[PDB]
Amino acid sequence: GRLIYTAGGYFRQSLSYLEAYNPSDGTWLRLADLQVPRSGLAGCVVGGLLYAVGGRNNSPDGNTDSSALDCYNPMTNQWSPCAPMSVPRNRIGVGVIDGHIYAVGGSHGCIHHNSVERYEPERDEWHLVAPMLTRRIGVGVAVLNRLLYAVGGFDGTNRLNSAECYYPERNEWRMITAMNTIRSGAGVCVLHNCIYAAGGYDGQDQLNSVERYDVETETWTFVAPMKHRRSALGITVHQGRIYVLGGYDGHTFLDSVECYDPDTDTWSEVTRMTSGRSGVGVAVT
């Protein structure tokens, strides 16, 4: 069975946890620790392997934004380092197209990147591609029909309702329809020809609203809100349902996991993580 993996995150410090949840029976497994605890990273899968990308580490000697790429093999339960990105990218978004990892935005200190770079596993090589139109940290990324979408985030001054799409065959970005809501640190994923944006932070509060972009109509419409407001949450899709994991609600680091059913337009709470955390990377394989 496929498992939902959560890597790293934040709870009083950057975290090294790697854990996997099995939807078939509701159980959690603890797996090999990340070599370097990191919050604000992103996860993805290529070839059955989990990659942990970017983020930020806390150490007694100081806090550091990360250019790291590390790969986890579920069959050996081992992490291995990969080539680093061109720049540190904390509060990064990532998506996969044609077995290549795209690292989007994020920050390095005061620098809010608009740059984007692409990793080819077979060559362990990163190279820059065309930059986004907007600098975006805390950006949510998903892939649909071999196009890469960058949704929301923070540009250094404003949290954003804008979104843009990258066309790999043209090496160009173009804006898409803006969301109804300003969101940084939203959960962004793809289900049945729509891009969902769940929760996030607007500069004032963490959100429970959820909206989705239908790729045919190019329109964003609200669906049912999550039971718990949350920003900096993990998200993925498994067997036709969205799972949101953890995050921050302004008062606590959440352990809640909710699952959205599009046919009934309902969220339900399905499990709790073994401890509350925000800023995780999540993927399924």
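Just count from 1 along the sequence shown to find any residue number.
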{"property": "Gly247 unmodelled in at least a third of other compared entries", "result": "no"}
{"property": "Coordinates absent for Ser59 in a third or more of other entries", "result": "yes"}
{"property": "Comparing 248-256 with 24-32, the one whose average Cα B-factor in the PDB entry is higher", "result": "24-32"}
{"property": "Higher-scoring stretch by recorded Cα B factor average, 269-277 or 7-15", "result": "269-277"}
{"property": "Candidate residues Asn171, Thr134, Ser107, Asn208, the one whose C-alpha B factor the record puts highest", "result": "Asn171"}
{"property": "Member of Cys71, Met75, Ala163, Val94 with the greatest C-alpha B factor (per the PDB record)", "result": "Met75"}
{"property": "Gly99 by Cα B-factor - lowest, middle or highest third of the modelled chain", "result": "highest"}
{"property": "Where the record places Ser39 (Cα B-factor, split into thirds across the chain)", "result": "lowest"}
{"property": "Assigned third (lowest, middle, highest) for the C-alpha B factor of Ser184", "result": "lowest"}
{"property": "Where the record places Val223 (Cα B-factor, split into thirds across the chain)", "result": "highest"}
{"property": "For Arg241, the third of its chain into which the C-alpha B factor falls", "result": "highest"}
